[PDB]
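Reviewing the structure listed below.
Each ligand, and each atom within it, is numbered from 1 in the order the structure gives. To find a chain, count down the sequence lines: A is the first, B the second, and so on, and within it residues start at 1. For the numbers below, each heavy atom of this structure counts, side chains included, while hydrogens, waters and symmetry mates do not.
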Amino acid sequence: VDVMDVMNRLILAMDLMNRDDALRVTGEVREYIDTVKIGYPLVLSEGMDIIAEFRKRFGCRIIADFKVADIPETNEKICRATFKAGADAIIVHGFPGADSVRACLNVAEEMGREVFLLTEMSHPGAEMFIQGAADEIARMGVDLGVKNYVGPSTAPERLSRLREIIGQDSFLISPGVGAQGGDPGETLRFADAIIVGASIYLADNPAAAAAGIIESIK
Amino acid sequence: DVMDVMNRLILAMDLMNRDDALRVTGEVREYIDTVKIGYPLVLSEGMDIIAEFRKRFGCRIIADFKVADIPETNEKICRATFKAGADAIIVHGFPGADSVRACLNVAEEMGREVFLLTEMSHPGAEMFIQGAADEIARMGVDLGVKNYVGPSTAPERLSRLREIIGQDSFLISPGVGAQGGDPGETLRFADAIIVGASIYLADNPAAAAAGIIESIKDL
Ligand SMILES: O=c1cc(O)n([C@@H]2O[C@H](COP(=O)(O)O)[C@@H](O)[C@H]2O)c(=O)[nH]1
Ligand SMILES: O=c1cc(O)n([C@@H]2O[C@H](COP(=O)(O)O)[C@@H](O)[C@H]2O)c(=O)[nH]1
């Protein structure tokens, strides 16, 4: 169906692990972004309440990057807890199979939230097992009506293939830009938005880093 | 040398509120010294629940977080988890060797354990995990991983996993009870069984745990 709009096509990966730094750095770049990806590094350090804190302080969409990868019954519980904490969307692994994905879709439909299917990863180890399964995982998502996908900026031809599988109407976001070597502009040939973590949050000047990224893709 | 689990029985504590989780665990505390805590409880009550279990029950805690990210992020997850007091963490092997090593690095630094999840118990595991499982297990063996998780619901797969990891490795196995796995059959290959809802949702959890141990008193 209709997919979300991400301001400036840029999603902040907020993986700092203390609340003060996470809030401060996010504050520094709040003018450039309306969507923040929060994962386990921050949540396990500060608690699930950090999600509602971000939404209230910044008025942003929160994607919970929890790479959900359990059996269906447990996946439903994880999704329910996560959406109860205010997350707008959750990222789910496809490698555990269709029942595990459907469990997440069920909860997202009930609660009016979104699932992102992680089809392929950005790190070298992804080549061992994930890469060979990635096209089939993406097709599994398409066949189940998944609208939102995550694929790797560090493998542009794989990202291009993913876009071909999911079609032009699906929403695609892509990590590995900056620290992992992915290029903002090239990634946006295929992705609707890029995800950027440390090259912003570890920068001497995070606002300048975000502004520079946006300048390069204006 | 690997850990010893009292009565070869690990409680999967997947209740999602603190009072029920603590109470039910209290009911069965005499039967077990090792509890597996996952995201259902942790995301509902906070990471402080791990230290609470260790202090109240004196148990080993396995954090079932199915860690499945890039190496940099895996390191962060493991550090947060071990800082919260977890004795061990469960890590997926499907994201590959660098991602597993990141977890081993932190576990070595902090004096804790990694369990490698090689194969899963639910039907969807057939789609992608099953075909990779022997290679994931071999990857673990080649990296010196000593602790493994494999499925009670696929006994011949569990047997194959034991053949790959050898007799000296430690193997725990979920899917017993609710998912149809049998305690005794599973313990032919696994060092311990993991049991969740068939204990924690029972009308009488202590009776359920006692019944399970009674059925394996022989082993
Ligand atoms: O394939 C993937 C999937 C991810 O979610 N990620 C996540 O995206 C972020 C990347 O951060 P960074 O820009 O600092 O490399 C991290 O939160 C990481 O866990 C990734 O790097 N590769
Ligand atoms: O392959 C696997 C791996 C698991 O960790 N688990 C976990 O083991 C537990 C099984 O609980 P139960 O006995 O209620 O089915 C759950 O916490 C689940 O997430 C599993 O069921 N299958």
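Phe116(A) has its ring centre no less than 6.0 Å from the ring centre of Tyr149(A).
Between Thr81(B) and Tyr40(A) the shortest side-chain heavy-atom distance does not fall below 4.5 Å. The side-chain heavy atoms of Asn105(B) and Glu75(B), taken from C-beta on, include no pair separated by under 4.5 Å. Counting heavy atoms from C-beta outward, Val106(B) and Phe82(B) have side chains that approach closer than 4.5 Å.
Interface of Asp64(B) with ligand 2, defined as ligand atoms under 4.0 Å from a residue heavy atom, comprises 5 (O), 7 (C). Listed by atom number, the atoms of ligand 2 under 4.0 Å from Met120(B) heavy atoms are 1 (O). Near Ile70(B), meaning under 4.0 Å from any of its heavy atoms, are these atoms of ligand 1: 18 (C), 20 (C), 21 (O), 22 (N). The distance from ligand 2 to the heavy atoms of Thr74(A) drops below 4.0 Å at these ligand atoms: 16 (C), 18 (C), 19 (O).
Counting only heavy atoms of the protein, atom 16 (C) of ligand 1 lies nearest to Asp15(A) OD2, 3.3 Å. For atom 19 (O) of ligand 1, the closest non-hydrogen atom of the protein is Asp69(B) OD1, 2.7 Å. The protein heavy atom nearest to atom 14 (O) of ligand 2 is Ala197(B) N, 2.7 Å.
Rounding to the nearest 0.5 angstrom, the gap separating the CD1 atom in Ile214(A) from the CG atom in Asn8(A) is 3.5 Å. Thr119(A) OG1 to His93(A) NE2: the interatomic distance, rounded to the nearest 0.5 Å, is 10.5 Å.
Counting only N and O atoms by type, the side chains of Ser121(B) and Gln179(B) include a donor and acceptor under 3.5 Å apart.
Between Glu119(B), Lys66(B), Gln179(B), it is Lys66(B) that holds the heavy atom closest to atom 5 (O) of ligand 2. Nearest-heavy-atom check against atom 22 (N) of ligand 1 across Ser122(A), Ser199(A), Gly197(A) picks out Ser122(A).
The shortest N/O to N/O separation between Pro175(A) and ligand 1 does not fall below 3.5 Å. Residue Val150(A) has no nitrogen or oxygen atom sitting less than 3.5 Å from a nitrogen or oxygen atom of ligand 1, judged on distance alone.
Taking a 4.0 Å cut-off on heavy atoms, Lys37(A) registers as neighbouring ligand 1.
Only the backbone of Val176(B) comes within contact range of ligand 2, with a heavy atom under 4.0 Å; no side-chain atom does.
The number of heavy-atom neighbours closer than 6.0 Å to CZ of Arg189(A), taken from other residues, nucleotides and ligands shown, is 12 or below.
Note on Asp87(B) versus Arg60(B): no salt bridge recorded, every NZ/NE/NH1/NH2 to OD/OE distance being 4.0 Å or above.
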